[PDB]
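These protein sequence lines are chains A and B, in that order.
Per the numbering used here, residue 10 is the first one in the first sequence, and the count goes up by one each step.
Per the numbering used here, residue 10 is the first one in the second sequence, and the count goes up by one each step.
For every residue, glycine included, the Cβ atom is placed at its ideal position computed from N, Cα and C.
Okay, structure first, notes after.
There are 2 protein chains.
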Amino acid sequence: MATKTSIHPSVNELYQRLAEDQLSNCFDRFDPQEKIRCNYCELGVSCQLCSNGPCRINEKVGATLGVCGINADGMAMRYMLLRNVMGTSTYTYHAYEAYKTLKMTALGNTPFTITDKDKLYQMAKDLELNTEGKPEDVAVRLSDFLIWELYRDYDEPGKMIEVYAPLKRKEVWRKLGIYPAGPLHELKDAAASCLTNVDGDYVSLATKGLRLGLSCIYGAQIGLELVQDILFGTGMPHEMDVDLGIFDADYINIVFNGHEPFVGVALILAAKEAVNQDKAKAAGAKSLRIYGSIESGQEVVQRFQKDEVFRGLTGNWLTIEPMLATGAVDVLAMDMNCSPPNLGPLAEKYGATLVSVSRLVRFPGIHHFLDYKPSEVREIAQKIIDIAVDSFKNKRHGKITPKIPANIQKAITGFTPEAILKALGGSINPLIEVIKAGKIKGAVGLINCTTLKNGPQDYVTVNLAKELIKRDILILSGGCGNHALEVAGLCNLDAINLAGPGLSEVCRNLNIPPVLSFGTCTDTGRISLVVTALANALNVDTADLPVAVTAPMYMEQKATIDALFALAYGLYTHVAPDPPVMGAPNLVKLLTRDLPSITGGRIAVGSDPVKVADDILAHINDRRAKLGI
Amino acid sequence: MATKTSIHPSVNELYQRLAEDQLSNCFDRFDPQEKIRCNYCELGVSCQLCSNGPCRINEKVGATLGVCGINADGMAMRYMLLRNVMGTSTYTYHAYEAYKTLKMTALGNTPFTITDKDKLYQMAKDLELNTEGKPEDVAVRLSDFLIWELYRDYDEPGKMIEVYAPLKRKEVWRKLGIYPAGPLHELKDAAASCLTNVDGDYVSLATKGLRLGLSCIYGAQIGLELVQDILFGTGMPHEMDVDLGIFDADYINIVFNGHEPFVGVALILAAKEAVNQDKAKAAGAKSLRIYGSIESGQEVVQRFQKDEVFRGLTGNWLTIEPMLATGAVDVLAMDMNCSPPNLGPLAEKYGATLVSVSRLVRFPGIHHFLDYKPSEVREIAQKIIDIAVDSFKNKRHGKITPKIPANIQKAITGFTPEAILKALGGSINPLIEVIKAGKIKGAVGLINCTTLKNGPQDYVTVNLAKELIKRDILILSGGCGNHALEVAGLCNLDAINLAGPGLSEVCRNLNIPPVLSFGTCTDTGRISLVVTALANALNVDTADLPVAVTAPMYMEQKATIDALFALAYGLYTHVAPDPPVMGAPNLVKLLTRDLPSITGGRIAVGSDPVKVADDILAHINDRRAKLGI
Ligand code: SF4
Ligand code: SF4
Ligand code: SF3
Ligand code: SF3
Ligand code: FES
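Okay, structure coming up:
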């Protein structure tokens, strides 16, 4: 058997159960699509945007342009821009909900509280907001200000970008005309540009993609993550359990899955109530447990300890179907992507109950719809617990055979800029010195999804990471790719043994792993805070630093909006598999060859871990040479 | 070469010039695309939204679902929703600019004024705004209120929908859960829903499309059109010259082209200054003239007279390339779609200068970029005039041979709800009387683009309109399909004699044409005002009225968002060519067969003018029978 599966043994074991049970699954669905792949679509040179189409670029038959007159470069970049409107929209949606959650929390309407009050007041001071009165007054003002940043138009100056972006970058952005409006206007402008017979200029469309990336980081991501820190605490390093062996079939098991952590936190709070533990015991369970899945799970493991109630992180999105095949899940509560749309029949077979907790998430076979509102989350969480108790009794316990793989790995989660500074003794200077001395050649932000396109689940990501650390490159990781490295064991102290001589020495001295878990793809803005701090300490631009970004198994456009940001931010940005652009030669030249003279960044490509790592190291060494280190 | 050109002789004559000059053009580019059309994309059963793709549904080879698990129905409806985010974004963009233009006008920083003060105060009263102070003060309050409608979230009640929608519709919408947020939030939510592994439920995606259509009409279109009336007057019927014979090569000819009329109005005002006419004459021209193209042109002909400076409307978007081939254009000033992206080589061959006046519009070979801001529009208009004088002197005069077809048609433009009531003597009741009597069987809103997919330019639109009026169906027209009917002579008093027995009789008595020019696709909201007036007068729901909508040569998603609106509004909605959904059998059943029991509306299909007209008339007659008429 030649099926492309996973690098993880636990997933491979569970794939065997899905196959034995004759259930459809991503791994098996890949090859039928392989058999009929469209080469025009693979290369970005098809278009379906209007009724004169569908169109294809084929010069042999005189189809050099679409009916409307657009060329291959415009066609490919326009569809890229459109798909990235979707990515920006998800981050904007999440930010808005975070800000309404903070406001409603301050008004007393949620089960949450103001946890990191120091961050609240420091952020309010940095943004020149009134800090008089009660903390709850300050939190309302901050929420309203951050909503204003979402809504601000292209002609109203932002404050977040001024506080959180370095001047040398801001100067480049002003020169290029890519200082963004708020993300709601920028995503509306980008979408309008993609309508037929509007923007057909690949350079303009690329520039609009860069603007869109900047609007997403400064106008949505940084604010939402800092607000989530205010609500739930700023992460510090701690030990977490990951992989699918964390499940135990004799407990009531509720799994929260998506990118927004509000329902998951409410569930943990509710499950800690004795009345709910007593319900679980009365139903025949040992107790009631909450688990995190994908990015909502990662948000929680960044800030919360493993305890008797919250048990850790299952894995990334290609683990969801396998997870159901454990026969251990009572409720899967889904808040955003990835919630794959054929989970219904798997939930039926394995005796799990599916609950959507967002109006965004719908697909056949969901059992309950409990759309999130801050003022209702207490009641939503309690309803989910009651559903899970009923499901355990009626569907699963003693009825479904559990087949839980034994694998559990330890990961140190919760790295944040604040945690890095604390490990270094309170300033970034020791890190600068070990980079100057060459103990650490540079650093990579691995900000990534997972996919099957360019290998078994997580194969490229894990092996690239191993090649990078062997070359004395420190990794800061976020996204599904971060979950991969955690499950693969690269985020614990044992992994120091796999790093090169300089990085192993630094890691042992600081007592940190060679891969630092920074959380989600939504934490790209937060990772930029570290890179900005490095540039400022060295008195250089971000494009001058010995760093790079990689999204080596990208899937959806949250990852590519983060890649567009990285390009605007001046960075060498590796992306695999190839985005659908390679049939557009002038667009390829722009992104891979000309952008260094425009933003300083560039796209890099490829899926061979050694070659990709060597190409990243060569970039890092070029930057080092120009710095004289 | 082209197998399909146009029903308009002027366009056919100019196509011959393009072909003899061997310049690329839409007519010729259709044929190569025809040769290689993808059957998957034609049917809506391909997907390019993530890296596990591209995917196709082909059950014969085992590809029943995408890699992610989505089915054909979800796949097709999701791409339809995404494309309609683009449509909604364009209307939202335009509305926001209209509101900022009214506010900046009230503050004294534009060359515009407050023309319809009655409408300003009536709107303010209906929306319960403060009406104290000067008219300018009220205009600022109205502008801010309508911006609030754009921004309103899914959880804050709107006022426009309460004022402008009829009673039973509002009950239906609340029951279905489709009462919308503001269009900015609805379009962001729709886009986020389309990301991989979010919403894969065709019924949910269709419902989201209905909500999005409602948000577009009540949250953007009605406000923007009424604000444009406040700025530039409420249209009343007047005779207008149309078709390409309106050009004269001896004048400096500036053509404005797009959907937003602000630059066009400022150009007309500037061209009336003697300093600019004197400049034109000193350059060797007889004087300086302004002309409207496509929807921006139509907005102006609705509200402005033909005079020595403003000369009328050229035609719809398939006329732009032919227009350049006249060799009579000095500047083509482009503000939105449709600005086809291969005009560059045509402008070069025929001695015209291309100017973009919107940050949305970019494509190769544009000469100048003058992005619109209300406070800069006076300067932008003057710069365009200066560019046009230099272009006439240095590119066109004495260098380019003009070839202007002789064809000029007369059309009565400027019908509005107000003009209809006026024509009836002040009340809608005389129109109800003739409908009840059976002289007018019903009314059709023809809200359409043009395309080459289902015939030569405008063939289906014009012949369908002729067949409808022959069946005693009054037409209210907006969009590129309105421009087609004007050019074909259906909008003047001679066209009365093309109508059937009852409609010709009524039109003769009222001295109106049988096709009433209501403007643009942006005027779908305004057409709903007429249909809502009929529903109220008859005290029946819109789904029970003897009306229908047709978009019979639709192209882009402004038209399909108007169709989704029509469906939500309860109407029989004919669309041709087929939208790309016909390979998704459950989605087809929903839209064509089940929606009558849900919203009251349904999609109808087909491109045969007689069959389409017969099917519309049958629906109208079914409605009539149930009303007792
Ligand atoms: S937008 Fe242009 S390239 Fe795309 S389908 Fe329409 S005519 Fe073809
Ligand atoms: S979203 Fe699903 S159907 Fe579309 S390309 Fe990705 S895997 Fe294929
Ligand atoms: Fe935030 S990273 Fe993109 S793939 Fe779906 S949850 Fe993963
Ligand atoms: Fe407003 S209708 Fe759609 S096609 Fe392009 S201008 Fe026409
Ligand atoms: S599947 Fe239609 S062009 Fe690729």
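Checklist entry - Is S296 (chain A) close to chain B, meaning its C-beta is less than 9 Å from at least one C-beta of that chain? => result Closer than 9 Å: no.
Item to check | Within chain A, the residues that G71 (chain B) reaches when beta carbons sit closer than 7 Å | outcome: Per Cβ cutoff of 7 Å: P41.
Checklist entry - Does DSSP put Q466 (chain B) in a helix, a strand or coil? => result In this structure, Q466 (chain B) counts as strand in the three-state DSSP scheme.
Checklist entry - Going straight from the alpha carbon of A229 (chain A) to that of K392 (chain B), what length do you get? => result The straight-line gap from Cα to Cα measures roughly 38 Å.
Item to check | Where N93 (chain B) falls, given that 16 or more other Cβ within 10 Å makes a residue buried | outcome: When all chains shown are included, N93 (chain B) counts as buried.
Next on the checklist: Within 9 Å of any Cβ in chain A, is that where the Cβ of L223 (chain B) sits?
Outcome noted: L223 (chain B) does not count as touching chain A.
Checklist entry - For the stretch 402-442 of chain A, which segments carrying the alpha helix (DSSP H) assignment without a break, of at least 4 residues, lie completely within its bounds, in sequence order? => result If one requires a minimum length of 4 residues, the alpha helix (DSSP H) runs lying completely within the stretch 402-442 of chain A are 426-432, in chain order.
Checklist entry - Can you find at least 3 beta carbon pairs, one from the stretch 75-90 of chain B and one from the stretch 205-215 of chain B, that sit closer than 8 Å? => result Contact between the stretch 75-90 of chain B and the stretch 205-215 of chain B is present, with at least three C-beta pairs closer than 8 Å.
Item to check | Own chain partners of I478 (chain B) with C-beta closer than 8 Å, once the 5 adjacent residues on each side are dropped | outcome: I484, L499, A504, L507, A508, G509, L512, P523 and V524.
Next on the checklist: Counting C-beta neighbours from all protein chains within 10 Å, is the total for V310 (chain A) 16 or more, i.e. buried, or is it exposed?
Outcome noted: Flag for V310 (chain A) reads buried.
Next on the checklist: Just to confirm my understanding: we take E476 (chain A), look at its own chain, exclude 5 residues before and 5 after, and list those with CB closer than 7 Å. What are they?
Outcome noted: Cβ neighbours of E476 (chain A) beyond the five flanking positions: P618, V619 and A622.
Item to check | Segment contact, 8 Å Cβ cut-off, at least three pairs: the stretch 544-561 of chain B with the stretch 572-592 of chain B | outcome: Short answer: they touch.
Next on the checklist: So with CB distances below 7 Å, who are the chain B contacts of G228 (chain A)?
Outcome noted: The contacting residues do not exist; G228 (chain A) stays about 13 Å from chain B at best.
Next on the checklist: I want to check one thing, is the minimum distance from the CB of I16 (chain A) to the heavy atoms of ligand 6 below 8 Å?
Outcome noted: Although ligand 6 was asked about, the structure shown includes only ligand 1, ligand 2, ligand 3, ligand 4 and ligand 5 as ligands.
Next on the checklist: My assumption, with CB atoms under 8 Å, is that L159 (chain B) sits in contact with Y105 (chain B). Please give the rounded CB distance.
Outcome noted: Confirmed, Cβ separation roughly 6 Å.
Checklist entry - Smallest Cα separation from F36 (chain A): which of A:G96, A:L155 and A:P349? => result The candidate whose alpha carbon is nearest that of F36 (chain A) is A:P349.
Checklist entry - Just how far apart, CA to CA, sit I263 (chain A) and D125 (chain A)? => result Approximately 27 Å between the Cα atoms of the pair.
Checklist entry - How would you list, in chain order, the residues of chain A whose beta-carbon sits under 7 Å from the beta-carbon of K197 (chain B)? => result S98, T101, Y102, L193 and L196, listed in chain order.
Next on the checklist: For the stretch 58-77 of chain A against the stretch 37-54 of chain B, do three or more pairs of beta-carbon atoms, one drawn from each stretch, fall closer than 8 Å, so that the two count as touching?
Outcome noted: Output reads yes: the stretch 37-54 of chain B touches the stretch 58-77 of chain A.
Checklist entry - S305 (chain B) to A572 (chain B), Cα distance in whole Å? => result Looking at the two C-alpha atoms, the distance is approximately 21 Å.
Item to check | Within 7 Å of chain B by C-beta, residues of the stretch 205-223 of chain A in sequence order | outcome: Going along the stretch 205-223 of chain A in chain order, one finds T205, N206, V207, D208, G209, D210 and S213 with a Cβ nearer than 7 Å to chain B.
Checklist entry - Of the residues B:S537, B:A552 and B:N545, which one's Cα is nearest the Cα of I231 (chain B)? => result The option with the nearest alpha carbon to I231 (chain B) is B:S537.
Checklist entry - Are the stretch 322-338 of chain A and the stretch 487-501 of chain A touching, with three or more C-beta to C-beta distances below 8 Å? => result With the cut-off at 8 Å, the stretch 322-338 of chain A and the stretch 487-501 of chain A touch.
Checklist entry - Within the present structure, is the beta-carbon of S55 (chain A) separated from the nearest heavy atom of ligand 5 by less than 8 Å? => result Yes - ligand 5 has a heavy atom lying nearer than 8 Å to the Cβ of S55 (chain A).
Item to check | Residues that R161 (chain B) contacts on chain A, provided the C-beta gap is smaller than 7 Å | outcome: Neighbours of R161 (chain B) in chain A, taken as residues whose beta carbon is under 7 Å from its own, are absent, since the nearest beta carbon is some 11 Å off.
Checklist entry - If you drop the 5 nearest sequence neighbours on each side, which residues of the same chain put their C-beta closer than 7 Å to that of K295 (chain A)? => result In chain order, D259 and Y260 place their CB closer than 7 Å to the CB of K295 (chain A), counting only its own chain and leaving out the 5 sequence neighbours on each side.
Next on the checklist: For a test of your reading of the model: does the CB of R371 (chain B) fall under 8 Å from any non-hydrogen atom of ligand 5? Yes or no.
Outcome noted: Not one heavy atom of ligand 5 sits closer than 8 Å to the Cβ of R371 (chain B).
Item to check | Amino acids of chain A, ordered along the chain, whose beta-carbon sits closer than 8 Å to that of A504 (chain B) | outcome: Against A504 (chain B), chain A offers no close residue; the least beta-carbon distance is about 27 Å (beta-carbon pairs closer than 8 Å).
Checklist entry - With DSSP run on the structure shown, which of helix, strand or coil describes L507 (chain A)? => result Helix.
Checklist entry - Are the beta-carbon atoms belonging to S365 (chain B) and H377 (chain B) less than 9 Å from one another? => result Taking 9 Å as the Cβ cut-off, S365 (chain B) and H377 (chain B) qualify as a contacting pair.
Next on the checklist: I'd like to confirm the pairing. Which residues does DSSP put opposite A575 (chain A) in its beta bridges?
Outcome noted: DSSP output for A575 (chain A) lists no bridge partner at all.
Checklist entry - Three or more C-beta pairs closer than 8 Å, one from the stretch 230-250 of chain A and one from the stretch 591-602 of chain A: is that the case here? => result No, they do not touch.
Item to check | Coarse secondary structure for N520 (chain A), derived from DSSP in three states | outcome: In this structure, DSSP gives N520 (chain A) a state outside helix and strand, which the three-state scheme calls coil.
Next on the checklist: Check this for me: beta carbons of residue 5 (chain B) and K419 (chain B), under 9 Å apart or not?
Outcome noted: With chain B running from 10 to 638 in the structure shown, residue 5 (chain B) is simply not present.
Checklist entry - Does at least one heavy atom of ligand 3 sit under 8 Å from the Cβ of residue 647 (chain B)? => result For residue 647 (chain B) there is no data in the structure shown, the boundaries of chain B being 10 and 638.
Checklist entry - What residues in its chain sit with their C-beta under 8 Å from that of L276 (chain A), if we drop five residues either side in the sequence? => result Within the same chain, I263, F265, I299, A342, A390, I393 and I394 come within 8 Å of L276 (chain A) by CB-CB distance, once the 5 residues on both sides are set aside.
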